[PDB]
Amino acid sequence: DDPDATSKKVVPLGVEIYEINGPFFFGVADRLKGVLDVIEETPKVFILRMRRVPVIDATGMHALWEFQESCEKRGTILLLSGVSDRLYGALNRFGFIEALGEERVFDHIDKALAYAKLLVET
């Protein structure tokens, strides 16, 4: 049914993964808020899976900025995976791509995981 389900992948220890359920509007924003303050063992790498996300509004983008700030305060590396060309365009116009760094943004979970693995190894 879904060859790219997280359950089908090899997820290194120290990598946490959070999958968004759709458009990143106020619902998703309310759920992502503060997620790093309730994980007890802070992840080295956090992957936000965005394959289901074609669109983000201002509230979504505000939550995503504050989440990236929370990751930097915890020395967690944020990666985005499954970023479509339309989402990337939104995130670039908002300024988020240049703030996070292009090398942290992937179009597929396999690539993000490959990088996460390298980061945990090193």
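All residue numbers refer to positions in the sequence shown, first residue = 1.
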> Given the B-factors recorded for C-alpha atoms, which segment has the greater mean, 85 to 93 or 39 to 47?
Replying inline: 39 to 47
> Looking at the entry, does 30 to 38 or 63 to 71 show the higher mean C-alpha B-factor?
Replying inline: 30 to 38
> Which third of the chain does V11 land in by C-alpha B-factor: lowest, middle or highest?
Replying inline: middle
>> Quick check for you: using the entry's CA B-factors within this chain, is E102 in the lowest, middle or highest third?
In response: highest
